[PDB]
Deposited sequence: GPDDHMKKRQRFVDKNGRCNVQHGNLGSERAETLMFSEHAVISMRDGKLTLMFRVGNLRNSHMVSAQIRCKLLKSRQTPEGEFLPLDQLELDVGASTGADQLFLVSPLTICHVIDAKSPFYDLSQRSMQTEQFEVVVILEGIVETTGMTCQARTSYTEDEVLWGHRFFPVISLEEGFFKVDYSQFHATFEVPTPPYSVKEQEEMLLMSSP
């Protein structure tokens, strides 16, 4: 139909109406979710932009903050573990054409491996998001950060779309429930070792 990006490099999608808020509310979604995408239990949250420092492109990374004990019995008050959101594939370099869905595919290398719908109610973690981007007006470096504690990760949810041939920024934070198995990915790989003829 029409391009998303002009040969100029000018982005063609227009926002909706933003309200009078001059506070940075549409940079990250308020909640994260965990549910199936492309056949993989995936931790998800949504990235937008900043109103007063609109960015072209950014690189994003995530850490997980949590207390743990080492096999040596050392207590690590707040330990930092990395959460792959696509460094090895370039998915962590964002082209901020529109609100993006950041995906942390939960696998064996993830700290959410043994995270299940039930284990969630006893876990205490905190996903920190660090985004460093390029203000389009100039090209200087700006950093925006956010946080999801366990009560702001919604197991079994999916984000509403926000796009039409137009970004409906009013649906930016909205999620809804989808059929999502309640077990961890460690459990699901265990069930398939088990159910393998």
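- Numbering the deposited sequence from 1, one finds several regions with no C-alpha coordinates, namely 1 to 8, 174 to 178.
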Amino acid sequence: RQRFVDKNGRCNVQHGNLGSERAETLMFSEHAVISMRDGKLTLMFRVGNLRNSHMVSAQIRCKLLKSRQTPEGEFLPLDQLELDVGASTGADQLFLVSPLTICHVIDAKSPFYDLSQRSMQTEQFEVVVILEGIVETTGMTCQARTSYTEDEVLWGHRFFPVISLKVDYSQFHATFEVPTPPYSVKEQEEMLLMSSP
From here on, numbers count along this sequence of modelled residues.
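- Once the C-alpha B-factors are averaged per stretch, 154 to 162 and 132 to 140 rank with 132 to 140 first.
- Looking at mean Cα B-factors across 49 to 57 and 143 to 151, the upper value is held by 49 to 57.
- Residue 69 sits in the middle third of its chain by CA B factor, as recorded in the PDB entry.
- When the modelled residues of the chain are ordered by C-alpha B-factor, residue 104 sits in the lowest third.
- When the modelled residues of the chain are ordered by C-alpha B-factor, residue 120 sits in the highest third.
- Among the modelled residues of the chain, residue 167 sits in the highest third by CA temperature factor in this PDB entry.
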